[PDB]
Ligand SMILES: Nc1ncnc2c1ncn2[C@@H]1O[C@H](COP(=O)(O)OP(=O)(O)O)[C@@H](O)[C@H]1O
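Taking the form deposited without the ligand, here's one chain by itself in structure tokens.
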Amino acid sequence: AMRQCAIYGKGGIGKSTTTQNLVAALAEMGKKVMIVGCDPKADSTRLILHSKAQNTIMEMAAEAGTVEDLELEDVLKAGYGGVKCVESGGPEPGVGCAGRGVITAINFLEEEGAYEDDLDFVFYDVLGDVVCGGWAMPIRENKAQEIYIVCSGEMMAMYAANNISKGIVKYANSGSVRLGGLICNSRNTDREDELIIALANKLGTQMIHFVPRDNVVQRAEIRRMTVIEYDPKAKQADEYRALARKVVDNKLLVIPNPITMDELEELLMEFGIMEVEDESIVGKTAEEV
């Protein structure tokens, strides 16, 4: 039974690297996996193919006229561990919906029989910042059931997590789209693990793993590869195996409970990211104080 999963989360926090390393650990583990990149930047398959950039469905459709004109052998490319790799391409700037380009991509693969063909996992690496109806479309068209949110102990990455959660709550009644957990991509701030566990508890899910900051990640990715391929017996490689193992074994799939902005700030203030604001100096110049 093929499990359709998605990795949602905002940019700049290392989401695609973690998606690729998790998927690599999962292929070393014997699983047949396909990565379908949905971020505007083509970064989701590079570490698997040792690529500078993969050719997207969007740019190859621009070349061949319409999407139907290209062959699957030009879209799907296998890399390390025989992990199949698709990159759908970003919205074409100024026009086009990010959501339409993503379902355009999904439907091409369905017809070309990429899903049917023996596969244990499908991972869509989707942008989850502003969860508009477009970036919410993999959830609405029920193309991904198990959503894992990459985030960190930072205000905007936590806010993005809560928005992705609100997205899932919106379509709870229409299907089987559920939140499988939070992955914390460490930024080495002090109470980060506890903070993301606290957020996961308010949301009704867990922190399925803490991925630490390790320089081997950078050493591996500068060679355009995952830590699993690069240095299989590193400390970090077992972190990715521990994440890959918990994902496989995961049964905690839920409808989350989104928190308010005040509650997001309570959690940030008590774990020391946010300072408590002093009411008395608001609106007052350096003259008054």
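Heads up: residue numbers just count along the shown sequence, starting at 1.
From this point on, the text means the form deposited with the ligand bound, which you will not see here.
Screening 22-30, 251-259, 60-68, 232-240 for residues having heavy atoms within 4.5 Å of the ligand in the bound PDB entry returns a single hit, 232-240. Here is the short version: of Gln218, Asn107, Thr189, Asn142, the single residue with a heavy atom within 4.5 Å of the ligand in the bound PDB entry is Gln218. Under a 4.5 angstroms non-hydrogen atom cutoff, the ligand in the bound PDB entry lacks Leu267 among its neighbouring residues.
Within 4.5 Å of some heavy atom of the ligand in the bound PDB entry lies at least one heavy atom of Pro212. Within 4.5 Å of some heavy atom of the ligand in the bound PDB entry lies at least one heavy atom of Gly12. Heavy atoms of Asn185 reach within 4.5 Å of the ligand in the bound PDB entry, making it an interface residue.
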